[PDB]
Amino acid sequence: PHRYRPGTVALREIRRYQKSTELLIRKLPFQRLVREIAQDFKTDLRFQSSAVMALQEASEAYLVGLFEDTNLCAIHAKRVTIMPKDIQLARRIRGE
Amino acid sequence: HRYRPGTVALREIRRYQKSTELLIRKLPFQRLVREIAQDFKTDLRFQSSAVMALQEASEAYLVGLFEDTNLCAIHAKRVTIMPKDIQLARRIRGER
Amino acid sequence: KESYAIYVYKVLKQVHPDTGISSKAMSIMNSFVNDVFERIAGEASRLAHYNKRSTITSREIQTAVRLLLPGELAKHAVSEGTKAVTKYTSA
Amino acid sequence: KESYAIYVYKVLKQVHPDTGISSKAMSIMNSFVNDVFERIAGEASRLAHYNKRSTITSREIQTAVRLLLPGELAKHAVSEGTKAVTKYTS
Amino acid sequence: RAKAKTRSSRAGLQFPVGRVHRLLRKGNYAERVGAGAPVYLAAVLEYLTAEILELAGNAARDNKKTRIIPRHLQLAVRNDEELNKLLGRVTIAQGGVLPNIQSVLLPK
Amino acid sequence: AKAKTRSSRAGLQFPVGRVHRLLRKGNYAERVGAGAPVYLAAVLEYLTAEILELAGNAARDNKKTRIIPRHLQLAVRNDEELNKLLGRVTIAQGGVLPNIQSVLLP
Amino acid sequence: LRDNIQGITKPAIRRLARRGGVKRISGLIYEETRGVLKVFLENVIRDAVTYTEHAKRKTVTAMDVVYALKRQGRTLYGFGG
Amino acid sequence: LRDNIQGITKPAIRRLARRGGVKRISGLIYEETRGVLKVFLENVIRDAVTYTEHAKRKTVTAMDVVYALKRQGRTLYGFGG
DNA sequence: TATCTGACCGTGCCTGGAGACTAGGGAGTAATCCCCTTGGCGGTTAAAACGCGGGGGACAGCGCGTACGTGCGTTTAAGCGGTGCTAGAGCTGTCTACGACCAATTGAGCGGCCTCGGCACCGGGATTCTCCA
DNA sequence: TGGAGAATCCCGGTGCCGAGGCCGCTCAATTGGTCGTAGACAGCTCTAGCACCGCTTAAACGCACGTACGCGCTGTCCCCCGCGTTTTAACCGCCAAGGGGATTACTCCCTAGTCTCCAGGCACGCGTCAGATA
């Protein structure tokens, strides 16, 4: 059959997900994650839909910016693969 | 005689991490402040405590930046700090 | 609900006469105007409290704009602000 | 010029009797009290403006303490403030 | 009485001077508010709105779109250095990111 | 009648009246309640007590009976919550925590 | 509701890394990203619930999330302000 | 006044790096550190000059620098702040 | 251990906090009403999980060549003390103009309604574009 | 460098829903007058910032030498990407209670405002004890 070399589909995905503007996390698992986090703070608590969408947009923007910093940390160590030490270094430099 | 390369550096690290004194001479920093402020307002006066405040803030900022630079150098499997470590730390903080 | 929607539409029609705008972009522009208003008003309030003043003047807003906005934006914002104050006083 | 010097010295003699405090340390403590005051008052003012309220009460200060201060500090500060408010009312 | 002339019209502005004044007095910023301060603030707000909207319209023209979506606003903000410095801690909802693949990621 | 301070009613050392005045002229709200200066004075007194406790411990660890700014810096950066509250704060004549990474040591 | 951090699946983290420009992802990234997301969501949701409970409400509105995000310097345009 | 950035000497930058924990320093660190210091001082000094020219003063006070550093999230204690 | 030099409790003026009374308006409480959150049921189909091959890159080892570290002698200007001078920070006094406030007027913006064109979607076809020989 | 398959862009047709315009109106901005005080301006006092000189002394600078270290190269194996297949649970449509956000009214208690007064807090002089150097 026909196989692409590893890296072509990855760069194609980078191009098509930086050209796009949609949300990359499924809505219902994020909603259940938000509800199970919020139930440890206050029980019998409802949620507007716009609140969950705002949380999803903020979370996606935060994770994308963190992965940009993680990628630059990985390039700094003469690598292409990102590792948990890259995320830990990025969060330590930001102050998280 | 001659010591091994590194133990005098570690002694200097232990010496300067327990002191609180300012590591930059007062007169060159004062002249640098008057040189920078000449580009904004001609014939401007400075209190002494303003220059000491600038010196304390600048020394604390450079020390924190060199801490993050050292973590960037350690992450790249090195002990020597290089300008790319400073650039990476300043990008992850968001100053570049 | 009070929003800056019609004024943003007027400014857009002054700038781009044949370009429209959606509702989400309007919500973003309304939030941008509210955020910049809050930043400049807070800085001007802090400036008035620092120099023992009970009044926010155009001088306070001018140095708050000059503190907040970066160089070219600060210079141009001072330019149309001083032009508007001059035209308001003269007429 | 007003300062919190005598109150910080009173708290220090309340908890560390054989321990003085330098002038620069007192200036740092005065700046710390002013900074925490400005933070809690600004957060309470924002809380009052969000809820369309024209007053700052003990509820706004308690919510500002919960928002700004980290966990155990927030719990102990809320306990101390509630004790002081109930002792003031009683 | 005379003809009721708007404060925005006599300063040559589209942004409301009266609404800016009424939000300044009710925002608990100072005990008094000057007369020229809402004029000056409305002029600054109108300038910044026009600066964002010009570049957003240019981005919409580059994508052959008559309307402005949040992607065009994000492109307008992040493609300009001063607007990126002003809005560096601001997340535009449904705005995406700039296209940026690093040079070492591309094949030789 | 006899004048009793509002700090003595609340059982505090920080001034309730000065905090109430600074809340009134600080332009935070149009009205300021009675319990808010008592609450904020109690919170400020507690945080002052925590910082001075840890600073006195740091001074006693160096066999010194006077608190200098270095002891306040050690007190702040040695406690996690106070470092979280004072993370963007520079303390003058404070220095840094003594920390050397493991890879630097031979 | 238990164990919903597995709902943030591995292709979702892969897509979020593609948007950030990550060509190659190791297999230990996903647990760390789930923990980072849980920390961030806990920090935002705690302030949102505090803003809600000050208002004596039982629903978390969008403006509570916007004020929570503005509390730690992550201002979000597009949902109100 | 000219060429005053050279007063931040190589031993001074070395002492700052020793306080920061750095064991070994390149030869090109010093120019980069001087540039970073110049950018930081330009920002803080420009804000302080704006603060001291709003008050119609020709003397930069310590509180001007304190307010300027508090604006950029670099609050400095021990100077009346 | 011996000694030293400033950098740390009592007294007098004064101003702002406290006690007391009055007014008035903000907010708490009761009732109610319509939006909208939550829960459920069913189809469907898109995406996630799983499995497997293979290739390329992470990581360890190793040689080399050079660039910092360390040390020592020489230069140089930071730092302390002292003197002199004058800008200007800061306080006080007077007055005046300007902003808060209130009542009457009015038109600008806002909610509701309606309609049509800008754009998302689908498909045939050209045009790269990646990979293999 | 030539060619097969796959992806990507372009253009033509469809329809749909949200953006743009119109209308009544209502409430918030505008206009006119009053009044009290915030700050603008002039003046003066005295702090404290600037300039200069001598010196002595710690710190900086230049240079020599050597070793730790950065960096390029090589090999290998293991881990992740690409792709095909199966499962599963997300997504959409449609009801249906019903709890809770929003609105209105009212009535009352809490807090601003002001007069008075006096005692706590601030400046200052005197007594002297804690880190620092030897």
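Indices start at 1 and increase along the chain as displayed.
Cβ atoms are placed via backbone N, Cα and C, with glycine included.
Long-range Cβ neighbours of H:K10 (UFM1 cross-link) (same chain, at least 6 residues apart, Cβ-Cβ under 8 Å): H:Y30. Reduced to three states, the DSSP call for H:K10 (UFM1 cross-link) is helix. Sequence annotations record features per position, and here Swiss-Prot assigns UFM1 cross-link to H:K10 based on similarity to another entry.
The ubiquitin cross-link annotation in Swiss-Prot covers H:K70. Residue density at H:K70 (ubiquitin cross-link): 19 other Cβ atoms are found within 10 A of its Cβ, drawing on all protein chains shown.
The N6-acetyllysine annotation in Swiss-Prot covers H:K10 (among others).
Taken from Swiss-Prot, the feature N6-butyryllysine covers H:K10 (among others), and the record attributes it to similarity to another entry.
Annotation comment: Swiss-Prot describes H:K10 (among others) as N6-glutaryllysine.
The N6-succinyllysine feature in Swiss-Prot is assigned to H:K10 (among others); the stated evidence is similarity to another entry.
Long-range Cβ contacts of H:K23 (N6-butyryllysine) within its own chain (separation 6+, distance under 8 Å) are none. Residues annotated as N6-butyryllysine in Swiss-Prot, with similarity to another entry given as evidence: H:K23 (among others).
If you look up Swiss-Prot, you'll see H:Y30 (among others) marked as phosphotyrosine.
Look at Swiss-Prot and you will find H:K38 (among others) tagged as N6-acetyllysine, backed by similarity to another entry. The local packing around H:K38 (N6-acetyllysine), expressed as other Cβ atoms within 10 Å of its Cβ over all shown chains, amounts to 15.
What Swiss-Prot records for H:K38 (among others) is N6-glutaryllysine.
Marked as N6-butyryllysine by Swiss-Prot on the basis of similarity to another entry: H:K56 (among others). DSSP classifies H:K56 (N6-butyryllysine) as coil under the three-state reduction. Long-range Cβ neighbours of H:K56 (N6-butyryllysine) (same chain, at least 6 residues apart, Cβ-Cβ under 8 Å): none.
Under the heading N6-glutaryllysine, Swiss-Prot lists H:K56 (among others), citing similarity to another entry as support.
The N6-succinyllysine annotation in Swiss-Prot covers H:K56 (among others).
Its Cβ placed at the centre, H:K58 (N6-acetyllysine) has 10 other Cβ atoms within 10 Å. If you look up Swiss-Prot, you'll see H:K58 (among others) marked as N6-acetyllysine.
Annotation comment: Swiss-Prot describes H:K58 (among others) as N6-butyryllysine, evidence class similarity to another entry.
As annotated by Swiss-Prot, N6-glutaryllysine applies to H:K58 (among others), with the evidence given as similarity to another entry.
When other Cβ atoms within 10 Å of the Cβ of H:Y30 (phosphotyrosine) are tallied across all protein chains shown, the result is 19.
Residue environment of H:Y67 (phosphotyrosine) contains 21 other Cβ atoms, counted within 10 Å of its Cβ in all protein chains.
Between H:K58 (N6-acetyllysine) and H:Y67 (phosphotyrosine), the C-alpha separation comes to 17 Å.
Here the Cα atom of H:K38 (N6-acetyllysine) is found 19 Å from that of H:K70 (ubiquitin cross-link).
Contact annotation for chain B: of the listed recorded positions (H:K23, H:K58, H:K70), H:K23, H:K58 place their CB atoms under 8 A from a CB atom of that chain. Applying an under-8 Å Cβ distance to chain F, the recorded positions H:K10, H:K23, H:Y67 reduce to H:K23.
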